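Let's start with one chain on its own, the form deposited without the named molecule, as structure tokens.
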């Protein structure tokens, strides 16, 4: 009876809920209720206690909680302060459940960058001013481990910017042993890396300069060391360093991942700066010298002849019960990512999954069962399905436990498991209303619906939503996949304007079956436009030949795919030929700018938000993973014929909008500044907008302002 409004999108009127249990055992889990009371839930008995009350949290204004495994101490986190995408600092208090009082001995310093328990016991490991401190008990003085920590130059226990954003995607680099015996930490050295400096205005009389160690393409990289120290008598021999494999150490190299297998065995993954070779090493412990050894008989090499190793990140192995063999997903003979079982040699890999489809992630491996994800069902790329395989059974088996549970409603699933895989949780994201359920691990029968989202369904009975479909195009030999959103009361006898949304990032996918009420839904439901998402060469989850098509050739095939899709859409008949637009963000802006200035006379207006102008202005890891070195001997030629500034003369007969934030730490303001300067020198008219002291995400009222401005631009373009 009524359509969507911009307020329903800016204010989260239609936002679903997800239920992720905070597992603390194989049969129990914690949760936070609506009245700020932490409730413990047990499955066998169904009883709900209250380990911590809301009065205690309100005493210290606590916003987060953490419970020790032994269930005798809790820590409360307040004074939240965000640093980067993943990192933050907070003030921690300790509360004793046995005596109902706060520990009054040696208080923790503040602010603390990272804190963690031990898997067994109550020993605490925290990071304070780039150094690692270990406390045997909360009422005892700490024992300092590292001393050479210094701000912005040496990091202990936490990653720097590059490893946090491009390599690990985590705010922590420190690992407890499976049984709480050792502690493995990483030392990052950034003494030689150049620094990026920008201005922050704030509220003072003078702006202040922010400096961040940031290696651009073809520059000095951080130096990483890995240490393992025992936690019972951490003074006998001190920290011990783990040897690096010989072939890796010949030149510069990166640190990929660390995985604890047993109490006396670690796994380290190394990656060279020429990112097409990876090495996996197992390092064992010797008691006779209290040392760590990494023999060459346990060295595994992984090579990618046509492109880079893995995808966006190198896949992390999952080890088996016997702790001697493991599972890893990589490319097969035909060029499809699949599971392989590695026991003694990489040449003896056993392929368990085989087919045209792909496998995304491995969730859990137990003594009997293995859980993973795929989009094999009905050869539809853009869906997520959880599958289970049996290991060590006389009859082999494979079960899709999430195939026909809810067909028309849910085709996008994620899983969260518990200890020993006794129970787990399935969360659905689309295309119907999201639902979160809890499942048993043996019979896999649903027993309790954790979240059904009935309020959203009730509130959504008055609003009419646009129609969404997913279909396929074939032109000569490539298979494009496009999702189309059409306004209500759609007739194929009229003509409507067209809007394209483009990301096109390497190892990405923008056509997925997910539920979302967003800006484009509002445009379709209110203004009667047709929205389109197109995926083609350079995206993931469709095969190796499609993925490595753009290798050292970024910015060529994506524009061609977009133009071909637009032509095919025009050929259908219900699209106006003078009312086509395109928009994107964060490598969507790059493709949008390249497609607008292609000289085809196909687009009318375009929008670019936080784009990349040149590949020499971005981080070394991401740029060199797909472009190579910017040297005269390797790939300097393409680094010059790939910039937006080289197309400045093709913007004359189009409409262009450029938006960026001045305090962006990920895609600098330098890119938009260069684009604007190039367009000014070429005498081309365009529109611009900046947001002061705003990061990459543009959080707050900046989002409202941005969406209102873009809506006005689109309304005026298609008028």
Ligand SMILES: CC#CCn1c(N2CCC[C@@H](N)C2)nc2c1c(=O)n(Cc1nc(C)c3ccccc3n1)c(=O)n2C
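Residue numbers count along the first chain shown, from 1.
Just so it is clear, the following notes concern the form solved in complex with the named molecule, a form of the same protein that is not shown.
The chain here is shown without the named molecule. Which stretch in 405 to 413, 127 to 135, 259 to 267, 165 to 173 comes within 4.5 angstroms of it in the deposited bound form, by heavy atom distance?
After filtering at 4.5 Å, what remains is 165 to 173.
Should residue 490 be counted as a contact of the named molecule in the deposited bound form, where contact means heavy atoms within 4.5 Å?
Close contact is absent here: in the deposited bound form, residue 490 is far from the named molecule, nothing within 4.5 Å, heavy atoms only.
Closest heavy atom of residue 84 to the named molecule in the deposited bound form, within 4.5 Å or not?
Residue 84: no contact with the named molecule in the deposited bound form.
Is residue 612 close enough to the named molecule in the deposited bound form to count, meaning some heavy atom within 4.5 Å?
Yes - in the deposited bound form, heavy atoms of residue 612 and the named molecule come within 4.5 Å of each other.
With a 4.5 Å heavy atom cut-off, would you call residue 548 a contact of the named molecule in the deposited bound form?
Residue-level check for residue 548: no, no contact with the named molecule.
Answer yes or no: in the deposited bound form, does the named molecule come within 4.5 Å of a heavy atom in every one of 312, 503 and 667?
Yes, because 312, 503 and 667 each have a heavy atom that approaches the named molecule to within 4.5 Å in the deposited bound form.
Which of these residues, 522, 429, 618, 357, gets a heavy atom within 4.5 Å of the named molecule in the deposited bound form?
Residue within 4.5 Å of the partner: 618.
Please identify the residue among 587, 182, 541, 372 with any heavy atom within 4.5 Å of the named molecule in the deposited bound form.
The residue from 587, 182, 541, 372 that makes the contact is 587.
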